[PDB]
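As C-alpha cells, the structure follows; a few thoughts come after it.
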Amino acid sequence: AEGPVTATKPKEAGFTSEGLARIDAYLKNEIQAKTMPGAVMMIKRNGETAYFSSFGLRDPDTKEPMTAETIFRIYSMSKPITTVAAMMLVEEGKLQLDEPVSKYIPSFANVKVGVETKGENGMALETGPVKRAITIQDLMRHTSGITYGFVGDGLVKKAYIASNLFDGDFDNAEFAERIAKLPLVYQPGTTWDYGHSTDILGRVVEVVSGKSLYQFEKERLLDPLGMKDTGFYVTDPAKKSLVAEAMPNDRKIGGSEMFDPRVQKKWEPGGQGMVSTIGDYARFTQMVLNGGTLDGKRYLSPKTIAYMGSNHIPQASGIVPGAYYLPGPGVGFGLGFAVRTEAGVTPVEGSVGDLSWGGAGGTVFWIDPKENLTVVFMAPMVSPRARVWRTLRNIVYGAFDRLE
C-alpha cells in the first residue's frame with residue numbers, strides 16, 4: 001500500500017477505474033506474498049497519465065519506502081538507450097548498419113565460430129572462420145554470434161564462463177577485447193541469440209564519438225530529456241540510499257549478488273550497466289512513442305524510430321531463431337526492441353507492432369503505437385519477474401474501455 005503519486009486522467013486515457021483498480025489489488029497481493037518488497041508503475045495513454053502509483057518498500061532490510069524517485073538497476077533496459085545513442089550517429093552519417101564491427105574494433109575481424117562435435121571424451125568444439133563479418137545491424141538485433149555465458153547451456157557458453165569476463169576493474173574497450181577472444185555461438189548474420197552484442201555496440205559508440213558511453217549519452221539524450229537520475233553508477237551521495245533492493249532470497253543474477261551501483265567503477269556496459277528511475281525511463285519511452293521527440297526537442301526522426309521498431313528478423317531476413325529465442329512465437333525483434341508480429345499466438349495481451357524489453361532486476365516497459373500507450377514498471381526482483389510482467393500486460397489491456 002501507499003498509492004497514487006500524481007493526479008490521473010484514466011477516462012481520457014481510455015481506461016475504466018475498475019480496471020485500473022485491478023493493478024492495485026494485484027501488486028498489493030504480490031507484495032504480501034513477498035514476490036517483491038514494493039513496486040512503482042506508470043501508464044501513459046493518449047498524452048495523459050492514466051496511472052502512476054507506488055506501493056510498499058524499496059528495500060526490505062532498511063524498510064525505506066518505495067517512491068517515484070527510487071533508483072533501479074535496469075540491466076537489459078540499458079539496451080534501447082544504447083541503441084538509440086548509436087542511431088543518432090547513424091543519422092549523422094558517422095556510423096552505418098552494414099559496416100563491419102571490425103572497422104571500429106579490429107579484434108573482431110578474425111573471430112571464429114564454435115561448433116559442437118564428438119571427440120574422444122564426449123562433446124568438444126571445432127572452430128572455423130566466419131562466412132561474413134559481424135555488422136553493426138547484427139549487434140543491434142542480436143544476430144552477431146556473440147552470446148551470454150549464463151543464458152542456457154552449451155560449449156561456447158561454458159567457454160564464456162571459464163574466461164571470467166567480469167573479473168577486475170575494466171572499461172568498455174577492455175571488455176570488447178575479452179569478448180573478441182571467445183568463439184561465436186553461430187555464424188554472424190544467421191541466428192537470433194541474446195548476448196553481449198550491445199556491450200560491443202556501446203564501445204563502437206565510444207570509438208566513433210571519442211567519448212565515454214555515459215558522456216555521449218549524457219550530452220545527447222539524458223540531460224536534454226531530463227533523465228537526471230540515469231547513468232551507470234549512483235555517485236551523488238544524496239541518492240545512494242534510493243537504490244531499490246530485492247527480497248533477501250532473490251538478490252542473485254548470473255550466480256552472483258547484484259552489483260553495488262553506489263561504488264563507481266570503470267565499466268559502462270550498454271547491455272546491462274545502467275541505473276534509472278521510473279520517471280526518467282518514461283520520458284525515454286514517451287519520446288520513442290512520439291516518433292523521436294519530446295517537449296519540442298527532437299532526438300531521432302520518426303522514420304528512424306519506425307525503422308528501429310520494425311521487425312529485422314522476419315522470414316525475409318534469412319535469420320532463424322537460435323536455441324534460446326527469448327521473445328517466443330508471435331514476436332520478432334528490431335533494433336533493440338521485441339516487436340509483436342501476431343495479434344494472438346503470444347500468450348499475453350498486446351498489439352501488433354508493440355515494442356518491449358525488460359531487465360533481470362525486475363524492470364520492464366512497453367510501447368504500443370496502435371493504442372498510443374506506454375507503460376513502465378519497476379520492482380526489485382529476479383526469479384518471479386517474467387510472470388509479473390506478463391500479468392501486468394494482461395491487467396493493463398484488460399482495463400481498456402476503448403480502442404484507439
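Convention: chains lettered A, B, ... in C-alpha cells order; per-chain residue numbering from 1; ligands numbered from 1 as shown.
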
Inset, instruction - Name all residues at most 10 Å from residue 209 (chain A) (count only C-alpha atoms; drop same-chain ones fewer than 6 positions away) and give them as a VMD selection string. - result: chain A and resid 86 89 94 to 95 203 215 to 216

Legend entry - Who sits within 9 Å of residue 292 (chain A), only C-alpha atoms, same chain under 6 positions skipped, as a PyMOL selection string: chain A and resi 286+298-305

Legend entry - CA of residue 114 (chain A) to CA of residue 186 (chain A), straight-line distance in Å: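 That distance, rounded to one decimal, is 7.3 Å.
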
Inset, instruction - For residue 15 (chain A), work out the shell of residues within 8 Å, counting only C-alpha atoms and skipping chain neighbours fewer than 6 positions away, then give it as a ChimeraX atom specification. - result: /A:50,399-402

Legend entry - Residue nearest residue 251 (chain A) among A:360, A:90, A:294, A:403 (counting only C-alpha atoms): A:360

Legend entry - d(CA of residue 397 (chain A), CA of residue 349 (chain A)) in Å: 6.4 Å

Inset, instruction - Would you kindly return, as a VMD selection string, each protein, DNA or RNA residue with an atom no farther than 7 Å from any atom of region 275-284 of chain A, considering only C-alpha atoms and excluding same-chain residues fewer than 3 positions away? - result: chain A and resid 68 to 74 225 227 229 to 233 287 to 288 376 378

Inset, instruction - Can you list, as a PyMOL selection string, all residues belonging to region 173-386 of chain A that DSSP tags as strand (DSSP E)? - result: chain A and resi 191-192+252-253+256-257+275-276+293-294+297-298+320-321+331-333+338-340+355-358+364-368+373-378

Output C-alpha atoms of each residue in that selection to a file, as a short mmCIF file (atom, residue, chain, number, x, y, z; two decimals), in the first residue's frame.
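Listing of again-v6.cif after writing:
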```cif
data_model
loop_
_atom_site.label_atom_id
_atom_site.label_comp_id
_atom_site.auth_asym_id
_atom_site.auth_seq_id
_atom_site.Cartn_x
_atom_site.Cartn_y
_atom_site.Cartn_z
CA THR A 191 20.74 -16.65 -35.99
CA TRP A 192 18.99 -14.71 -33.20
CA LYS A 252 21.32 -13.10 -7.31
CA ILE A 253 21.75 -12.60 -11.05
CA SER A 256 26.35 -13.56 -8.23
CA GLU A 257 24.94 -10.85 -5.97
CA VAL A 275 20.54 2.73 -13.30
CA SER A 276 17.42 4.86 -13.74
CA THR A 293 10.59 13.97 -29.95
CA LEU A 294 9.56 15.27 -26.53
CA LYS A 297 13.29 18.66 -28.74
CA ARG A 298 13.95 16.05 -31.45
CA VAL A 320 16.44 -18.15 -37.87
CA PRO A 321 15.80 -18.47 -34.13
CA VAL A 331 7.18 -11.82 -31.51
CA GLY A 332 10.07 -10.58 -33.67
CA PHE A 333 12.95 -8.23 -32.93
CA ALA A 338 10.96 -7.03 -29.18
CA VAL A 339 8.28 -6.37 -31.82
CA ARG A 340 4.90 -8.14 -31.63
CA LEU A 355 7.70 -2.70 -28.57
CA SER A 356 9.17 -4.01 -25.33
CA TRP A 357 12.07 -5.30 -23.30
CA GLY A 358 12.93 -5.88 -19.63
CA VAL A 364 10.01 -3.70 -17.70
CA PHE A 365 8.44 -1.39 -20.26
CA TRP A 366 6.38 -1.46 -23.39
CA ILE A 367 5.32 0.97 -26.09
CA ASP A 368 2.13 0.37 -28.10
CA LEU A 373 0.26 3.74 -24.95
CA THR A 374 3.42 3.38 -22.91
CA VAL A 375 3.90 1.54 -19.63
CA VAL A 376 6.91 1.38 -17.31
CA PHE A 377 7.05 -0.86 -14.25
CA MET A 378 9.83 -1.21 -11.68
#
```

Using only C-alpha atoms, which residues sit within 12 Å of residue 110 (chain A) once same-chain residues fewer than 4 positions away are excluded, as a PDB file with N, CA, C and O atoms, in the first residue's frame?
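And here is the file that came out, part_29.pdb:
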```pdb
ATOM      1  N   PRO A 100      31.190  -3.442 -40.978  1.00  0.00           N
ATOM      2  CA  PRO A 100      31.700  -4.448 -40.069  1.00  0.00           C
ATOM      3  C   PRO A 100      32.112  -3.819 -38.743  1.00  0.00           C
ATOM      4  O   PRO A 100      32.673  -2.715 -38.721  1.00  0.00           O
ATOM      5  N   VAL A 101      31.821  -4.520 -37.652  1.00  0.00           N
ATOM      6  CA  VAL A 101      32.260  -4.122 -36.319  1.00  0.00           C
ATOM      7  C   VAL A 101      33.781  -3.946 -36.307  1.00  0.00           C
ATOM      8  O   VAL A 101      34.305  -3.041 -35.657  1.00  0.00           O
ATOM      9  N   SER A 102      34.474  -4.799 -37.058  1.00  0.00           N
ATOM     10  CA  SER A 102      35.935  -4.767 -37.150  1.00  0.00           C
ATOM     11  C   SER A 102      36.514  -3.434 -37.643  1.00  0.00           C
ATOM     12  O   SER A 102      37.698  -3.160 -37.421  1.00  0.00           O
ATOM     13  N   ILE A 105      36.516  -1.926 -34.104  1.00  0.00           N
ATOM     14  CA  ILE A 105      37.166  -2.785 -33.113  1.00  0.00           C
ATOM     15  C   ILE A 105      37.818  -3.943 -33.879  1.00  0.00           C
ATOM     16  O   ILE A 105      37.216  -5.014 -34.022  1.00  0.00           O
ATOM     17  N   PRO A 106      39.046  -3.724 -34.394  1.00  0.00           N
ATOM     18  CA  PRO A 106      39.732  -4.651 -35.304  1.00  0.00           C
ATOM     19  C   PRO A 106      39.853  -6.096 -34.832  1.00  0.00           C
ATOM     20  O   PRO A 106      39.923  -6.999 -35.666  1.00  0.00           O
ATOM     21  N   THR A 127      36.345 -25.349 -34.445  1.00  0.00           N
ATOM     22  CA  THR A 127      36.240 -23.932 -34.769  1.00  0.00           C
ATOM     23  C   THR A 127      36.601 -23.674 -36.218  1.00  0.00           C
ATOM     24  O   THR A 127      37.418 -24.382 -36.808  1.00  0.00           O
ATOM     25  N   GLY A 128      35.965 -22.658 -36.786  1.00  0.00           N
ATOM     26  CA  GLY A 128      36.199 -22.279 -38.162  1.00  0.00           C
ATOM     27  C   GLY A 128      35.949 -20.805 -38.392  1.00  0.00           C
ATOM     28  O   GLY A 128      35.511 -20.089 -37.480  1.00  0.00           O
ATOM     29  N   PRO A 129      36.210 -20.344 -39.624  1.00  0.00           N
ATOM     30  CA  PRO A 129      36.109 -18.938 -39.970  1.00  0.00           C
ATOM     31  C   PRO A 129      34.666 -18.465 -40.051  1.00  0.00           C
ATOM     32  O   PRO A 129      33.753 -19.271 -40.243  1.00  0.00           O
ATOM     33  N   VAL A 130      34.466 -17.162 -39.900  1.00  0.00           N
ATOM     34  CA  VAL A 130      33.169 -16.574 -40.206  1.00  0.00           C
ATOM     35  C   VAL A 130      33.001 -16.539 -41.722  1.00  0.00           C
ATOM     36  O   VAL A 130      33.973 -16.329 -42.454  1.00  0.00           O
ATOM     37  N   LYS A 131      31.778 -16.766 -42.191  1.00  0.00           N
ATOM     38  CA  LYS A 131      31.459 -16.640 -43.613  1.00  0.00           C
ATOM     39  C   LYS A 131      31.240 -15.178 -43.981  1.00  0.00           C
ATOM     40  O   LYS A 131      31.498 -14.775 -45.113  1.00  0.00           O
ATOM     41  N   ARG A 132      30.749 -14.402 -43.015  1.00  0.00           N
ATOM     42  CA  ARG A 132      30.516 -12.970 -43.173  1.00  0.00           C
ATOM     43  C   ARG A 132      30.964 -12.244 -41.912  1.00  0.00           C
ATOM     44  O   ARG A 132      30.846 -12.775 -40.809  1.00  0.00           O
ATOM     45  N   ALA A 133      31.455 -11.022 -42.081  1.00  0.00           N
ATOM     46  CA  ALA A 133      31.830 -10.185 -40.941  1.00  0.00           C
ATOM     47  C   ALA A 133      30.598  -9.799 -40.128  1.00  0.00           C
ATOM     48  O   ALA A 133      29.517  -9.591 -40.685  1.00  0.00           O
ATOM     49  N   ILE A 134      30.770  -9.690 -38.814  1.00  0.00           N
ATOM     50  CA  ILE A 134      29.707  -9.184 -37.942  1.00  0.00           C
ATOM     51  C   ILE A 134      29.451  -7.727 -38.307  1.00  0.00           C
ATOM     52  O   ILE A 134      30.390  -6.940 -38.379  1.00  0.00           O
ATOM     53  N   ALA A 180      36.132 -10.608 -27.896  1.00  0.00           N
ATOM     54  CA  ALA A 180      36.712 -10.971 -29.192  1.00  0.00           C
ATOM     55  C   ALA A 180      37.622 -12.208 -29.144  1.00  0.00           C
ATOM     56  O   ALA A 180      37.868 -12.831 -30.178  1.00  0.00           O
ATOM     57  N   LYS A 181      38.107 -12.569 -27.958  1.00  0.00           N
ATOM     58  CA  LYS A 181      38.927 -13.780 -27.791  1.00  0.00           C
ATOM     59  C   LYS A 181      38.121 -15.079 -27.809  1.00  0.00           C
ATOM     60  O   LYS A 181      38.688 -16.158 -27.997  1.00  0.00           O
ATOM     61  N   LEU A 182      36.807 -14.976 -27.618  1.00  0.00           N
ATOM     62  CA  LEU A 182      35.943 -16.147 -27.487  1.00  0.00           C
ATOM     63  C   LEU A 182      35.395 -16.603 -28.838  1.00  0.00           C
ATOM     64  O   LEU A 182      35.274 -15.798 -29.760  1.00  0.00           O
ATOM     65  N   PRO A 183      35.060 -17.902 -28.959  1.00  0.00           N
ATOM     66  CA  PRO A 183      34.364 -18.340 -30.162  1.00  0.00           C
ATOM     67  C   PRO A 183      32.927 -17.809 -30.195  1.00  0.00           C
ATOM     68  O   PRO A 183      32.333 -17.573 -29.142  1.00  0.00           O
ATOM     69  N   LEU A 184      32.398 -17.609 -31.400  1.00  0.00           N
ATOM     70  CA  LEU A 184      30.996 -17.257 -31.600  1.00  0.00           C
ATOM     71  C   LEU A 184      30.133 -18.509 -31.524  1.00  0.00           C
ATOM     72  O   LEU A 184      30.585 -19.606 -31.867  1.00  0.00           O
TER      73      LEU A 184
END
```

Legend entry - Two-atom distance - CA of residue 16 (chain A), CA of residue 67 (chain A) (Å):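 Between CA of residue 16 (chain A) and CA of residue 67 (chain A) the gap works out to 24.7 Å.
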
Legend entry - Option closest in space to residue 35 (chain A), from A:291, A:259, A:249, A:178 [counting only C-alpha atoms]: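 Answer, going by the shortest atom-to-atom distance: A:249.
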
Legend entry - Every residue of region 194-287 of chain A that DSSP places in helix (DSSP H, G or I), as a PyMOL selection string: chain A and resi 197-209+213-225+240-242+248-250+278-287

For residue 270 (chain A), please output as a tab-separated table (two decimals) with N, CA and C atoms, in the first residue's frame all residues within 8 Å (counting only C-alpha atoms; exclusion window: fewer than 4 positions along the same chain).
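The resulting file, part23.tsv, is reproduced below:
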```tsv
chain	number	residue	atom	x	y	z
A	78	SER	N	18.96	-1.11	-20.36
A	78	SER	CA	20.05	-0.30	-20.91
A	78	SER	C	20.10	-0.37	-22.44
A	79	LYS	N	19.69	-1.50	-23.01
A	79	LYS	CA	19.92	-1.75	-24.44
A	79	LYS	C	19.20	-0.79	-25.39
A	81	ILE	N	18.46	2.27	-24.83
A	81	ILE	CA	19.17	3.54	-24.69
A	81	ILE	C	20.46	3.52	-25.51
A	82	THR	N	21.25	2.46	-25.36
A	82	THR	CA	22.48	2.30	-26.14
A	82	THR	C	22.20	2.33	-27.64
A	198	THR	N	25.35	-5.74	-27.32
A	198	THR	CA	25.07	-4.34	-27.00
A	198	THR	C	26.22	-3.68	-26.24
A	199	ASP	N	26.97	-4.49	-25.49
A	199	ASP	CA	28.16	-4.01	-24.81
A	199	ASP	C	29.24	-3.65	-25.83
A	200	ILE	N	29.32	-4.46	-26.89
A	200	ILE	CA	30.19	-4.15	-28.02
A	200	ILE	C	29.70	-2.90	-28.75
A	201	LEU	N	28.39	-2.80	-28.98
A	201	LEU	CA	27.81	-1.62	-29.62
A	201	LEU	C	28.14	-0.34	-28.85
A	202	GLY	N	28.09	-0.42	-27.52
A	202	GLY	CA	28.47	0.72	-26.67
A	202	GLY	C	29.90	1.16	-26.92
A	213	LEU	N	30.76	6.11	-23.15
A	213	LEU	CA	29.36	5.84	-23.45
A	213	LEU	C	28.46	6.74	-22.62
A	274	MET	N	23.13	0.09	-16.58
A	274	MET	CA	22.50	1.35	-16.22
A	274	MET	C	21.63	1.31	-14.97
```

Legend entry - Nearest to residue 36 (chain A) by atom-to-atom distance, counting only C-alpha atoms, from A:404, A:2, A:245, A:167: A:245
